[PDB]
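Shown here is one chain on its own, the form deposited in one PDB entry, set out as structure tokens.
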């Protein structure tokens, strides 16, 4: 549960995301090259505010035990979070690399797993706030896991939403309209973002088809910066939405459009999304 820095052998930089950085290391206390490979998360720049947020993130991950949630292994005290290493990396990269071999029934198997991991977060009153394929990891060809909790918040005991406005770049093209306008995050805004994840999956991460590329096309690429959010809010209010991805069945696009309801209370639950996705999977498989 306690890892010693001296036995953490650097192997490679895996990625960066919102003030965090993840590396692949071998934890080799015997110094005989038999230790397991682990993923290590650290702050790119240490500040008291980022350290307090990182400590809360660690406590959140340690509290989660689910097949579709990356496993917490421990800490290294320059605080570092030690997690299991997942050999296939992000679902965003994996899908882009294997698009010719991943069919719709496989995309739905991954979709169902993301729904189950999200419903489990919901039982703990945790709001992920950053659902996107870049934040989902691939354990093997048959299993994905929610792979980062850097923006995850715990709902207050007496409210169904949490208001936050973080400095830094926010993933506005995955945000629910009430998150853009009122900085309100909830299980319902995670469902909106889940709809964007489902869109990402069915586009197979085709560059010109990404949510930022499609929304910027609809808003106009000429739009400033501070004005992008303003125009995005107006577009969503007017029921402007990401288009049906090429080859996506109507039934699947309908799930996305239902997640993208402006009325927060009308969005489906993660339990109903899992039922719906599993029913469609069953239909496609015949059994």
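In this text, rigid core is short for the largest set of C-alphas that superpose within 1.5 Å between two forms. Numbering follows the first chain given and starts at 1.
This next part talks about the form deposited in another entry, which is not shown.
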Problem - Mobile residue between the shown form and the other one, C-alpha criterion 2 Å or more, rigid core, from 240, 29, 247, 243 - result: 29
Handout entry: Exceeds or equals 2 Å, Cα of residue 268 between the shown form and the other one, core fit
Key = no
Exercise for the section: Would you tell me if residue 65 moves between the shown form and the other one by 2 Å or more at its C-alpha, with the rigid core held superposed? Expected result: no
